[PDB]
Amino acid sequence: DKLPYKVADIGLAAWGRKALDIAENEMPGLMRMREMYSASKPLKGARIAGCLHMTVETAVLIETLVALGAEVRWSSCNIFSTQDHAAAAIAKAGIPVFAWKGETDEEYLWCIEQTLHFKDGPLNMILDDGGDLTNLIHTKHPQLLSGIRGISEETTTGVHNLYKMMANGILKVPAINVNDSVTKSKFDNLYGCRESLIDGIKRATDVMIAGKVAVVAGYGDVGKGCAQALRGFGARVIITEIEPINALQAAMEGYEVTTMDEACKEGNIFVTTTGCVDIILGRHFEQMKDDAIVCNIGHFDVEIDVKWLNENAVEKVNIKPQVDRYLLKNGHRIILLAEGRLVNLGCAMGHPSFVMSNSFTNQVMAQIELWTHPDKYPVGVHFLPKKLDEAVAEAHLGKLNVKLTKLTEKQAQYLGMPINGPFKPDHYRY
């Protein structure tokens, strides 16, 4: 009857395997969860449904969940985020995958539905990134909410929506805040974007960063990280915000701060890290310098009113996959990347293996807590035990040769914490 998996070219399985083995070598954390729980298989009897850009990095994660005894039905939470060779490998591995690069929004949903029913019945766990899976089931298949033991959210947009469902009595299952995890937000969000964002602008535009004026919307971890990438290349970064604290940070860092109404007149490259709608309007395109490159890193595509463009451009010529050059009714052109969607994961390849492992480590730890200590997590959105947090970083210090110092009893007694024990307070903010 139904399909066992749907990928682009299963003949990409071998090239992706080499890719996977190479990525494994950079994923210290993840490989550590394997050589620690493979025998005890803590996720035995689990049937996980995931919605995460099927990238080479997600395969390493998916095989880490399978090594721990879990069953997995995958999907990518992006039509352009998928990496076909990473998929045509997981499929070959025997894991039913439904994801290719460039699925239509109609395809997108079919792929997610394919991962709701296993052989031993419906799913019992959710691994989400963006919130499509947790909401698609919370509103489209409310009869499965009961057989689902736990939820995991990858990104901020996903965790902001959870907190909403909660405050609106719509959350019927417990979810863990992976994103907000220091070793997650202060690494993947910041450091990750610092290298993947421009990798995306470059591969698609091949533009020279030095000289340009880049406007970044929002100064969050993704903003602080994005802004550091352009500025470090020779660009002049302006920043727009709605948060006093964040706004002061950006200025105290050398960044001019204004509105997009006045900044759209100077910028050559525009980047949205914002979590909400209408960041770059048509009233902004009408003032942008010629060939101005516009992209958005945020999760969903509604930061850039891509509609105004396709409905107000004298013409639109696609240069190549996920790259568009429009001709405005004023002469200027506006190279649009990934049709307004995630730029790093659609024009490039996402965050680097190392950084990606820091987040998946947290994802695997979360899946293990939820599926195993159900009593520890009542319906709501819980953080992950700091202890487990500090654990992710510790698992990666070896691959970087980081040599931690060691307190003595003299100091331990002095400070008051354990020479061997914890001391990382919950107030720290990093």
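Note that residue numbering begins at 1 and tracks the sequence as displayed.
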State which stretch shows the higher mean Cα B factor in the entry: 95-103 or 245-253.
95-103
Please work out which of 150-158 and 105-113 has the higher mean CA B-factor as recorded in the PDB entry.
105-113
Top Cα B-factor in this entry, restricted to 260, 77, 293, 178, sits on 178
Check the PDB entry and point out which of 287, 189, 318, 82 has the largest C-alpha temperature factor.
318
By the recorded C-alpha temperature factor, relative to the other modelled residues in its chain, which third is residue 168 in?
highest
Classify residue 300 as lowest, middle or highest third according to the C-alpha B-factor given in the PDB entry, relative to its own chain.
highest
Of the three thirds of the chain ranked by Cα temperature factor, residue 18 occupies the lowest
Quick tally, chain-level thirds of C-alpha B-factors: residue 65 sits in the middle
Taking the C-alpha B-factors as the PDB entry records them, is residue 332 in the lowest, middle or highest third of its chain?
highest
